[PDB]
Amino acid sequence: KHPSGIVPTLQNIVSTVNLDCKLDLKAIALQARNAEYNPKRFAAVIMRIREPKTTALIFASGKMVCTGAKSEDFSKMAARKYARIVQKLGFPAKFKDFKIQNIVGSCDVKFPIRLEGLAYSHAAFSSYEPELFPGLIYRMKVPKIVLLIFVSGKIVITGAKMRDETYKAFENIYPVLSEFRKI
C-alpha cells in the first residue's frame, strides 16, 4: 500500500455532525464550564475535551465542527462526547450526517529537496515563493490534494476526505521528491 516504505502520520481531522435541533448558545455557555462564547467575534460556542484531545465549534443551527483528532475514529468518538454533553445540557440532540471533511498528515522522506528545481519542472502544480512562505505548495490534481514541501524533506499533505487519498498523494510525489533530492 506504501511502496515507498513510508506511511504519512495522521495529524488532524476535521469532521462535522448535525445535532438536528436548534441550540441556545448563551444557555450552553452558562451551564458549561467547558465552553467559550464570544458572539461578536464568532457565532459559536467553543468547547474542548481531553480525550480524544479535540476542539468543537457548536452553532445555534445545531451544526457542529470537530477538530484536532488524530484519526477518523477518534474524531467520531469526540463528536459523540460533544453530542452527549449537549444532550445533557437539556437539548434533544441526535447525531445526523457525521462526515469527515479534512484529513491532515505529514511525513519525513529524510533527505533534502531542491524546491526551485521541483517547482520549475512542475510549474502547473507548484507555487514556490520562499520570501512569503518557505514551503513549496504543490496542488496535485489526482487525487485533489495539496502538499507543502520543505527543503528539509518534511511534507504536509492536506485536503483529503479519505486517508487513502493522503497515502496516494504521497506515493505519487515520492518519485518526484527523489528526482529532486538536494545533493
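So that the term is clear: the rigid core is the largest set of C-alpha atoms that superpose within 1.5 Å between two forms. Residues carry their position along the shown sequence, with the first being 1.
Open item on the list: If the other structures are each fit on the rigid core, which stretch ends up farther away in C-alpha terms in 8 other deposited structures of this protein, 31-39 or 154-162?
Closed with: Farther on average in 8 other deposited structures of this protein: 31-39.
Task: Given 79-87 and 106-114, the range whose Cα B-factors average higher in the PDB entry - done: Per the PDB entry, the higher value belongs to 79-87.
Task: Segment of higher mean CA temperature factor, 20-28 or 167-175 - done: Between 167-175 and 20-28, it is 20-28 that shows the higher mean C-alpha B-factor.
TODO: Going by the CA temperature factor in the entry, name the top one among 40, 53, 154, 144.
DONE: Comparing C-alpha B-factors across 40, 53, 154, 144, the top value belongs to 40.
TODO: Compare the C-alpha B factor of residue 158 with those of the other modelled residues in its chain, then answer lowest, middle or highest third.
DONE: For residue 158, whose C-alpha B-factor we compare with every modelled residue in the chain, the answer is the lowest third.
TODO: Grab the CA temperature factor for residue 70 from the record and place it in the lowest, middle or highest third of its chain.
DONE: According to the entry, residue 70 has a C-alpha B-factor in the chain's lowest third.
Task: Relative C-alpha B-factor of residue 124, binned into the chain's lowest, middle or highest third - done: For residue 124, the deposited C-alpha B-factor lands in the highest third.
TODO: Consider only the C-alpha atoms of the modelled residues in this chain, order them by B-factor as the entry records it, and name the third containing residue 148: lowest, middle or highest.
DONE: For residue 148, whose C-alpha B-factor we compare with every modelled residue in the chain, the answer is the lowest third.
- [ ] Pull the Cα B-factor of residue 136 out of the PDB entry and bin it into the chain's lowest, middle or highest third.
- [x] Lowest third, going by the recorded CA B-factors of the chain.
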